[PDB]
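Examination of the molecular architecture
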There are 2 protein chains.
Amino acid sequence: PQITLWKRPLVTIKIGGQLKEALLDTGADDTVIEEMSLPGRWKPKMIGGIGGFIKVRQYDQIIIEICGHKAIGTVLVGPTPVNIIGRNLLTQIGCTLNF
Amino acid sequence: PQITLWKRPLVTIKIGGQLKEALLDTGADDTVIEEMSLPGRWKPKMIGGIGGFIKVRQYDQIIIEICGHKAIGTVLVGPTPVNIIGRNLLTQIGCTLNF
Ligand SMILES: C[C@H]1CNC[C@H](CCc2c(F)cccc2NC(=O)CC(c2ccc(F)cc2)c2ccc(F)cc2)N1S(=O)(=O)c1ccccc1
Ligand SMILES: [Cl-]
Ligand SMILES: [Cl-]
Ligand SMILES: [Cl-]
């Protein structure tokens, strides 16, 4: 699809068999989602935002569907204001910015 | 142009007669630039997200040039860790997400 930016680019994602809403964010290096249970071991990670840095849990090789497109990669879990799909997964689904 | 997301989508912008590097961020509602002087009236605003909130100065009707494309809109100025071109100005240059 072609998504304009007059409104927030919110799409449906599927992770752990559950549908959630997430923001497609070209300004985020990584994908970060609100608290939920993910399988496997996690590693520590710090991510920096507008207001400073936060600690998150890093899960690797997580299956996630984004607007119907399959991705498998790193998902961070932490106290984010909204679920965010960052460049690590936007590249997997072949997303580009065009003007 | 078509910009891939293998690395941060950093572009050169021209604002207040200064050349600056800024991130094209579909996850940002507003455009926020590091401390600089801008002409006209301003009002305080709080913007937030990962890490919490920061106080910024809101300047309206500011002209920006992004990749040769002129756009006018509100520009927030404050202690952001990176200059961000948010949706309020990405729409004006006809920027879309495509996959
Ligand atoms: C550097 C950029 C890159 N991601 C976007 C974000 C924009 C911040 C921003 C601006 F810059 C300029 C003007 C406004 C704002 N804020 C919003 O638009 C609010 C928004 C939001 C989005 C992501 C957040 F994390 C936090 C909040 C929001 C959407 C839906 C909702 F219901 C409630 C809030 N920042 S970040 O937090 O630092 C960050 C850095 C690394 C990874 C993730 C995020
Ligand atoms: Cl990944
Ligand atoms: Cl505006
Ligand atoms: Cl349009």
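The structure this text deals with has already been given above.
Helix and strand counts for chain A stand at one helix and nine strands. Across chain A, helices and strands are ordered from the amino to the carboxyl terminus as β-β-β-β-β-β-β-β-α-β. Taking 2.2 N^0.38 as the reference for a compact globule, 99 residues should give roughly 13 Å; the C-alpha atoms of chain A span a radius of gyration of 13 Å, in line with that estimate. Taken over the C-alpha atoms alone, chain A extends approximately 40 × 30 × 20 Å along its principal axes.

Roughly 1,100 Å³ of internal volume is contained in the largest pocket. In terms of lining, the largest pocket is formed by 36 residues, of which the most central are A:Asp25, A:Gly49, A:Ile50, B:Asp25 and B:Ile50. Top element by residues in the lining of the largest pocket is strand β5 (residues 43–49) of chain A. It accounts for five residues. Across the lining of the largest pocket, the residue classes tally to 19 nonpolar, eight polar and nine charged.

Across the boundary between the two partners, chain B contributes 40 residues, which contact 39 residues of chain A. In this assembly, chain B packs against chain A so that about 3,600 Å² is buried in total across both faces, 63% of it on carbon and sulfur atoms. For chain B, the biggest contributors to the area lost against chain A are B:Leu5, B:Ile50 and B:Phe99; these three give 27% of the whole. Joining chain B to chain A, the criterion identifies two salt bridges. Across the pair B:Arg8 and A:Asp29 runs a salt bridge, and its minimum N-O distance is 2.8 Å. On inspection of chain B and its partner chain A, the count reaches 22 residue pairs in polar contact. The residue inventory of the side of chain B that touches chain A, partitioned by class, reads 20 nonpolar, 15 polar and five charged. Here strand β9 (residues 96–98) of chain A runs beside strand β1 (residues 2–3) of chain B; their pairing, made up of two bridges, is antiparallel. Opposite A:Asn98, over in β1(B), you have B:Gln2 as the bridge partner.

A separate point is the site of ligand 1. Residues in close proximity to ligand 1 total 22 residues, the closest being A:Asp25, A:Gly49, A:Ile50, B:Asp29 and B:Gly49. Residues within reach of ligand 1 are spread across chains A and B. Contacts to ligand 1 include A:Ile50, whose backbone N or O atom sits 2.7 Å from an oxygen atom. Within the backbone of B:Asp29, an N or O atom sits 2.9 Å from an oxygen atom of ligand 1. Surface burial for ligand 1 is 86%, taken as the share of its 750 Å² of free accessible area covered by protein chains.

Further remarks concern the environment of A:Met36. All names here are of chain A. Mapping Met-36 onto the fold places it in the loop between β4 (32–33) and β5. Exposure remark for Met-36: the relative accessible area of 13% places this residue in the buried category. The sequence separation of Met-36 and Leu-23 amounts to 13 residues, and the corresponding C-alpha distance is 17 Å. Not counting chain neighbours up to four residues away, the residues in contact with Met-36 comprise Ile-15, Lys-20, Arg-57 and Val-77.

Moving on to the side chain of B:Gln58. All names here are of chain B. As for its position among the elements, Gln-58 is in strand β6 (residues 52–66). Relative accessible area serves as the criterion here: at 15%, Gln-58 is assigned to the buried category. Among the polar contacts listed, one links the side chain of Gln-58 to the side chain of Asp-60, at a separation of 3.0 Å. Excluding residues that lie within four positions of it along the chain, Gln-58 makes contacts with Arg-41, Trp-42, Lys-43, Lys-45, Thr-74, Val-75 and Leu-76.

Attention now goes to unusual backbone geometry. Unusually for a residue other than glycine, A:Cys67 sits at a positive phi of about 50 degrees. Positionally, A:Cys67 belongs in the loop between β6 (52–66) and β7 (69–77). The exposure class assigned to A:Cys67 is partly exposed, which follows from its relative accessible area of 35%. Phi angles above zero are rare outside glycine, and B:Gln61 is one such case at about 55 degrees. Topologically, B:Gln61 is positioned in strand β6.

About the thresholds
- By convention in this text, residue numbers begin from 1 on each chain and track the written sequence, not necessarily the entry numbering, and residues missing coordinates are not displayed.
- By the order in which they are written, chains take letters starting at A while ligands take numbers starting at 1.
- To obtain the side-chain values, all non-hydrogen atoms of the structure were included, while hydrogens and water were left out.
- Each helix is a run of H or I in the DSSP string that is no shorter than four residues. Each strand is a run of E no shorter than two, and both are numbered from the N terminus.
- Radius of gyration: over C-alpha atoms. The globule rule applied is 2.2 Å multiplied by the number of residues raised to the 0.38 power.
- Using protein atoms alone on a 1 Å grid, points that fit a 1.4 Å probe yet trap it form a cavity, whereas open point sets bounded by protein on both sides within 12 Å along at least five of seven lines form a pocket; residues with an atom within 4 Å of a point count as lining.
- Grid points are joined across faces, edges and corners, and a volume is the space filled by probe spheres set on the points.
- Nonpolar residues are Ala, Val, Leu, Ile, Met, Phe, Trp, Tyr, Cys and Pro. Charged residues are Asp, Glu, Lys and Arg, and all others, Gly as well, are polar.
- Any two residues having at least one pair of non-hydrogen atoms within 4.5 Å are treated as being in contact.
- Summed over both partners, the accessible area lost on bringing two parts together, with a 1.4 Å probe, is the buried area.
- Should a side-chain nitrogen of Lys or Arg be within 4 Å of a carboxyl oxygen of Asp or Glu, the pair is scored as a salt bridge.
- Pairs of N or O atoms within 3.5 Å make up the polar contacts considered here, provided that, within protein, one atom can donate a hydrogen while the other can accept it, and that residues adjacent in sequence are counted only when both atoms are side-chain atoms.
- Pairing between strands is defined by DSSP: at least two bridges between the two strands are required.
- Only heavy atoms are used to decide nearness, and a residue is near a molecule or strand if one of them lies within 4 Å of it.
- Per-residue accessibility takes into account occlusion by the displayed protein chains alone, with areas from the Shrake-Rupley method and a 1.4 Å probe.
- Between buried and exposed lies partly exposed: a residue is buried under 20% and exposed over 50% of the maximum accessible area for its type, with that area taken using a 1.4 Å probe on protein chains only.

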